[PDB]
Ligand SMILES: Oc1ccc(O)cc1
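Only one chain is given next, in structure tokens, and it is the form deposited without this ligand.
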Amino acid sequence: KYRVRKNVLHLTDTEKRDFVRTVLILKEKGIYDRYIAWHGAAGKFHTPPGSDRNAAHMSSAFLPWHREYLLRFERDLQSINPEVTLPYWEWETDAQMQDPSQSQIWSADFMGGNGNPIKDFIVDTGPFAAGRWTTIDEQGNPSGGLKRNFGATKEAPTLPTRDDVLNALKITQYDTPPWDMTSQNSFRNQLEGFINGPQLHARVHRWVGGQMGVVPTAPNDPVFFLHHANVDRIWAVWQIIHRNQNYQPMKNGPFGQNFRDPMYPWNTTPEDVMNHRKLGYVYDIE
């Protein structure tokens, strides 16, 4: 309950500055790349092999894998600076703006802005501009810089709304068999956003574009983490409401997706991360 994860737009100038700084250090020290690598790895670990589900997406473990991932990330930032916590991008409220791209999250003193179309949508502003931040392709090699292309797709011209979120929050079952993108009346699947997709979580990657657009390279963009802190918060809100509902499948789901299964690439189980206040942190809306 003691680490408070704040809304990006509530952050003081110093709070934005300490966070970015800490992230650059984690990058310099070789530690940031392990997080990109972990995400890449899990997306190749299919549960079961041959299936479309994998350790981190398209199945029940999506939510707790990503809670674990962020917990480990936050813990590394705290090593560098015990005051820094991971904030969250409330992308449902940005959606309301006339022009979401004007959100303060994209200012030069934070995340940087949209890509430069003269340079194939390479981001050239902010602390993660090409030249001040190296990216890595899907096979581990340098790839030349951050690319964003806000709202350029036909499928996702816009961010998800405050209504889409509230609607997801109403769902009663955490997940339903067959624990896949075709799982109906699932909170997890609705959050992930595949049915009549892309919606919610899928829509955010698609809106942003560049690396964030493709899911295996997405963590090259720091905003990946602010975005996931918002999905983690949404989950957390859902647990508060329907506290008679638990993780599913408890058993007889595919190995890697059950409550007490190891979540590759770690030994951590979904059970070990169901209670988020146990893990040391809470979101500011509580």
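All residue numbers are counted from 1 along the displayed sequence.
One more form of this protein exists, namely the form deposited with this ligand bound; it is left out here, but the text below deals with it.
- Placing this ligand onto this chain by superimposing the site C-alphas, using its pose in the deposited complex, gives at least 3 ligand atoms within 2.4 angstroms of backbone or C-beta atoms, which makes the site blocked.
- Annotated contact segment (heavy atom within 4.5 Å of this ligand in the deposited complex): 206-214, selected among 206-214, 75-83, 130-138, 165-173.
- In the deposited complex, residue 234 stays away from this ligand, with no heavy atom inside 4.5 Å.
- Mapping the unseen interface onto this chain, residue 53 falls outside it, with no heavy atom inside 4.5 Å of this ligand in the deposited complex.
- The closest non-hydrogen atom of residue 67 lies beyond 4.5 Å of this ligand in the deposited complex.
- At the 4.5 Å threshold, heavy atoms of residue 201 reach this ligand in the deposited complex.
- Shown here without its partner, the chain carries 39, 57 and 218, all of which come within 4.5 Å of this ligand in the deposited complex through at least one heavy atom.
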